[PDB]
Amino acid sequence: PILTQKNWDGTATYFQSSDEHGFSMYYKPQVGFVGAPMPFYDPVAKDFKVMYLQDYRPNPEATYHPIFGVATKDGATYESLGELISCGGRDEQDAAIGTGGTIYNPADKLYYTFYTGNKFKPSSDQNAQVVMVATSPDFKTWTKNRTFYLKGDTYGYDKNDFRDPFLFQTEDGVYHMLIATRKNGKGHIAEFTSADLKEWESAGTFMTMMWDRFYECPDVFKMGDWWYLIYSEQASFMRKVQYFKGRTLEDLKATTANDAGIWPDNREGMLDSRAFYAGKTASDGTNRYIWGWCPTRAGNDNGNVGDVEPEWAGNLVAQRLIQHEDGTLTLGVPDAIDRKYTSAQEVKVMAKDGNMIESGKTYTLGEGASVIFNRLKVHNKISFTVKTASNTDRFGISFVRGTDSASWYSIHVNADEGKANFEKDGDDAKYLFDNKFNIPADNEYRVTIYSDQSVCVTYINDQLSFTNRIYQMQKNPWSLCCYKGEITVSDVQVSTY
Amino acid sequence: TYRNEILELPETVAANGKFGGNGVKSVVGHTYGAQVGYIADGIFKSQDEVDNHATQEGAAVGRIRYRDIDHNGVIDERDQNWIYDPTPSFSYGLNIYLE
Amino acid sequence: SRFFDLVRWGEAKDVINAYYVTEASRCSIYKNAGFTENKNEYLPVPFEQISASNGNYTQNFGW
Amino acid sequence: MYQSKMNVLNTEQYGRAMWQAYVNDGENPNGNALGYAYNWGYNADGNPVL
Amino acid sequence: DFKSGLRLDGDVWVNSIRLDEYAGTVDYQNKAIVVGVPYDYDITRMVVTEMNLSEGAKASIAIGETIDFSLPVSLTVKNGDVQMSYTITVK
Ligand SMILES: OC[C@H]1O[C@@](CO)(OC[C@H]2O[C@@](CO)(OC[C@H]3O[C@@](CO)(OC[C@H]4O[C@@](CO)(OC[C@H]5O[C@](O)(CO)[C@@H](O)[C@@H]5O)[C@@H](O)[C@@H]4O)[C@@H](O)[C@@H]3O)[C@@H](O)[C@@H]2O)[C@@H](O)[C@@H]1O
Ligand SMILES: [Mg+2]
């Protein structure tokens with residue numbers, strides 16, 4: 001049997017691609033999906049051991065969401081350590097395991113993982129969520145402490161809202177646990193102090209939430225000279241990841257103490273759009289990496305974002321935290337991910353629909369003009385530079401773009417609105433969501449898209465990070481378009497591996 | 001050795017394929033009991049191979065690849081041919097008696 | 001009678017596609033399901049019958 | 001005497017085949033609901049192993 | 001060499017619950033072990049003293065460890081590769 005190879009390079013016709021069950025760069029196990037990442041830095045192995053919850057499409061009704069461990073060292077390569085902590089019985093309090101934290105004790109050479117057990121169909125007198133602990137001697141085998149049950153209602157907190165234990169050790173030598181719970185109708189991040197991680201004292205309330213919202217997966221850390229609190233908003237209308245800044249821990253606590261609204265920056269602490277959730281950070285001592293999950297779309301439709309809140313779990317995504325001189329935080333591509341792309345692919349124009357002109361590597365586009373490039377591959381890195389006429393232009397990058405493509409999915413960088421918008425173009429012209437960022441004063445944009453199969457992350461001049469789930473984007477042409485202003489694109493480079 | 005061939009047949013019999021053809025093609029002009037089916041050109045070993053092959057329902061990695069007989073670009077009913085012939089090339093026998 | 005009612009009303013394609021999209025989340029059987037606008041709302045005339053009555057039976061539209 | 005004894009999977013082979021089918025399809029093998037509990041993981045390349 | 005190394009021919013049973021200084025009943029149909037205590041009991045600290053099983057049977061719960069019994073507790077008995085799961089509850 002002689003195999004036939006189609007002319008992939010030379011055609012711009014839309015092609016029905018498919019996603020493999022496994023992912024390499026943005027990790028996804030061959031079985032199940034990643035949810036709620038729990039990063040951790042191993043002081044012994046000097047690597048990153050990120051755990052998560054193994055979600056499935058047909059989740060069992062009672063017991064589900066086990067914990068699976070993933071070892072990495074750079075954020076690009078990932079190996080799987082298998083199931084670490086298994087879900088309990090139907091009647092056990094830990095039938096479903098929620099997000100947790102991990103901390104190493106040199107005192108007894110033990111890894112302690114504090115997770116949240118969810119009672120299946122809890123009764124009136126039964127706490128819905130209880131914090132539990134599992135100990136490991138070598139991070140491989142885990143034994144759950146059956147004598148530890150940190151009930152939320154013991155300290156006057158809500159029974160049904162007691163989640164996300166985050167553990168951190170300060171310089172004074174005492175470990176602090178933050179729990180995102182509810183008190184008398186108000187969202188409170190409560191602090192528990194310990195000296196041996198076996199007995200805890202509730203040291204009041206660490207912080208209060210902003211405008212009766214809920215914070216998911218709190219993460220307090222220190223980056224040089226500021227204290228940062230990364231959290232995920234549980235509100236259906238927001239469903240995003242924000243952060244708070246503070247020179248000291250006291251200043252961070254005083255931030256939003258009572259409807260203060262001390263936003264860290266002018267974009268209300270935005271980091272990424274709707275396609276990034278449960279962002280939790282870990283540092284190896286030289287760099288800080290945040291892990292989250294890009295959600296999947298029901299029916300494999302990029303425009304089917306879904307009502308209220310999107311689908312749970314998805315692909316593990318790792319980004320690098322960048323701290324500016326003013327204390328603001330921005331997300332950047334990991335160095336290993338950037339350097340993994342080695343081979344370079346020649347790029348050439350496919351379609352000439354607009355009034356654009358070509359002068360070599362430079363393409364000048366007016367309003368209503370667009371240019372279509374050649375096909376992409378499974379893993380793509382598209383880097384280019386766009387100079388706009390002024391600070392009120394609307395250019396855009398469109399994927400799943402073909403000669404006969406009825407609809408394509410676009411990211412429009414609107415300088416007049418000062419943000420970017422992920423929308424669906426074509427016969428539907430549907431608006432999906434957006435993300436605010438800082439507009440450069442020189443009208444210069446350095447656009448770098450890193451795409452693995454169907455998950456793509458766009459970086460704009462180290463100021464905007466935009467995660468997207470775009471199915472069928474691999475092995476399909478991509479295009480640049482302009483709608484209102486005048487743009488000039490250059491240095492277009494496509495790298496694959 | 002022998003060769004069998006059907007020369008005429010009622011239209012309903014040829015359609016229902018009781019004597020051969022599986023109800024897809026008429027057995028007239030072919031051996032009695034001959035069957036019509038697809039052609040399996042190995043199995044898919046990579047997503048690149050799956051994409052390169054002509055589109056077909058349920059194609060995936062590790063699945064049977066079916067040849068496109070008419071080169072229409074899609075695997076369907078018309079991509080079937082004569083694959084079975086229940087006629088031996090030759091049948092032989094040997095008897096040895098030593099006293 | 002639900003499918004026949006949908007076909008008679010003419011909204012069968014839209015209703016079936018919406019049902020597939022909605023139920024693909026809770027059922028993996030509908031992962032590759034898809035309804036064609038002018039083909040799948042009627043069963044095709046059997047190929048055996050068409051062959052038996054040569055030049056007399058015409059297949060339904062879209063098949 | 002019976003010579004053409006058809007070779008069929010024993011208990012362990014049947015469990016291994018079921019696990020392989022489940023992991024190939026991407027479903028959770030432990031959800032087989034046939035009384036089989038599988039201890040399994042991933043290798044360096046990500047291919048499941050039992 | 002047709003035989004497979006499964007050693008399935010092994011009996012797995014639990015026939016003794018001795019939580020602290022209390023006994024209990026065992027129902028094999030529902031895989032349940034129910035232990036009765038007075039209305040006032042600490043339950044948050046129970047030690048297992050006598051948990052004999054079938055010959056060669058190993059259980060996840062050992063002797064001398066303490067377990068909070070505010071909620072039903074799952075126990076797994078595994079003599080070889082044959083496993084059986086029970087649930088222990090305290091009234
Ligand atoms: O399993 C059924 C179906 O729904 C999911 C959605 O995740 O599972 C629900 C199940 O997941 C748990 C732990 O397994 O929490 C999910 C983990 O992810 C977090 C974010 O870090 O929560 C986000 C997730 O929580 C949702 C829906 O579950 O709302 C939480 C829900 O909990 C209440 O208390 C119910 O009484 C309410 O506050 C609220 O309605 C939703 O807002 C988000 O999508 C973490 O909080 C958590 O660790 C359990 O909390 C939950 O029962 C899917 O896995 C599955 O398809
Ligand atoms: Mg064909």
Ranked from highest to lowest mean number of other Cβ atoms within 10 Å per residue, what is the order of the peptides B:47-60, A:61-74, A:471-484? A:471-484, A:61-74, B:47-60
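Which ordering of C:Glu23, C:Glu37 is given by a fewest-first count of other beta-carbon atoms within 10 Å? List each step's numbers first, then the result.
Details: C:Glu23 14, C:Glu37 11.
Result, fewest neighbours first: C:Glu37, C:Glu23.
Going highest first, how would you order E:76-85, A:51-60 by mean Cβ packing within 10 Å? Could you put the intermediate results ahead of the total?
Numbers: E:76-85: 15.9, A:51-60: 20.5.
The most tightly packed comes first, giving A:51-60, E:76-85.
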Residues A:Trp291, C:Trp9, sorted so that the one with the fewest Cβ neighbours within 10 Å comes first: C:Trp9, A:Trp291
12 Å beta-carbon shell around A:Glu61, net charge (K/R +1, D/E -1): +3
How would you rank A:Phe221, E:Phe2, going from fewest to most other Cβ atoms within 10 Å of each one's own Cβ? E:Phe2, A:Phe221
Distance between the range E:41-91 and the range C:2-63 - C-alpha centres, whole angstrom: 56 Å
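How large is the translational diffusion coefficient of the range A:23-98 in µm² per second when you combine the Kirkwood radius over alpha carbon pairs with Stokes-Einstein at 25 °C and 0.890 mPa s? Each step should come with its number before you reach the end.
Working: Rh = 13.1 Å.
The calculation lands on 187 µm²/s.
Defining a contact as two alpha carbons under 8 Å apart and six or more residues distant in sequence, what relative contact order in percent does chain A show? Write out the running numbers ahead of the final one.
Numbers: 1323 pairs, mean separation 66.1, N = 497.
After rounding, I find 13 percent.
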Gap separating the Cα centres of the range A:279-324 and the range B:18-44, nearest whole Å: 53 Å
On a C-alpha basis, how far is the centre of the range A:415-458 from the centre of the range A:8-64 in Å? Whole number, if you could? 24 Å
At a threshold of 8 angstrom on Cα-Cα distance, excluding pairs fewer than six apart, so keeping six or more, what relative contact order does chain C reach in percent? 25 percent
Against the longest alpha carbon principal axis of chain C, how many degrees, from 0 to 90 and to the nearest 10, is the axis of helix C:12-23 turned? 40 degrees
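What does the charge count around B:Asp51 come to, taking other residues whose C-beta lies under 10 Å from its C-beta (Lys +1, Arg +1, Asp -1, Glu -1)?
Working: positive: A:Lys6, A:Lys475; negative: B:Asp48, B:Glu49.
Computed value for this residue: 0.
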If the reach is capped at under 16 angstrom between alpha carbons, list the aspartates and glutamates near A:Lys348, excluding any in the same chain fewer than eight residues apart. A:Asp9, A:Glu358, A:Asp491
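With each run of n ≥ 4 DSSP H residues scored as -39500 (n - 2.57), what mean residue ellipticity at 222 nm is computed for the protein assembly as shown after dividing by its residue count and rounding to the nearest 500 deg cm²/dmol? Before the final figure, lay out each step's value.
Values: 8 runs with 65 residues, N = 800.
That calculation yields -2000 deg cm²/dmol at 222 nm.
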Hey, what did chain E get for relative contact order, percent, Cα under 8 Å, at least 6 apart? 33 percent
Return the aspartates and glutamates within reach of D:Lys5: Cα separation strictly under 20 angstrom, same-chain partners fewer than 8 residues apart disregarded; answer none if there are no such residues. E:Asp1
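Between their Cα atoms, which of A:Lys475/C:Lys31; A:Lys121/A:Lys144; A:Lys119/A:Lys253; A:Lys424/A:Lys475; E:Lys3/E:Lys78; A:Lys361/A:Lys381 are more than 28 Å away from each other?
Details: A:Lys475/C:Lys31 21 Å; A:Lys121/A:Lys144 22 Å; A:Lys119/A:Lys253 32 Å; A:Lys424/A:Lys475 19 Å; E:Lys3/E:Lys78 21 Å; A:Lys361/A:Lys381 17 Å.
Flagged as over cut-off: A:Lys119/A:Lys253.
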Within 10 Å of each Cβ in A:57-64, how many Cβ atoms from other chains are there, averaged over the peptide? 3
Fraction of alpha-carbon pairs in the protein assembly as shown farther than 52 Å apart, rounded to whole percent, equals 28 percent
Ranked output for segments A:448-458, C:10-20 by mean other Cβ atoms within 10 Å, highest leading, reads A:448-458, C:10-20
Set of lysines near A:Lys49 by C-alpha distance (under 17 Å), chain-local residues within fewer than 8 positions excluded: A:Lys28, A:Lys73, A:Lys109, A:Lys140, A:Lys280
Take peptide A:12-24, look around each residue's Cβ out to 10 angstrom, count Cβ atoms belonging to other protein chains, and average those counts. 3
Report, as an integer, the average count of C-beta atoms from other chains found within 10 Å of each Cβ along E:62-72. 3
Local electrostatic count at C:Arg8 - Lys and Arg +1, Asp and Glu -1, tallied over other residues with Cβ under 15 Å: -2
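A short reminder: the numbers here are calculations on the coordinates, not readings from a lab. Neighbour counts run over all protein chains shown; Cβ positions are idealised from the backbone, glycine included.
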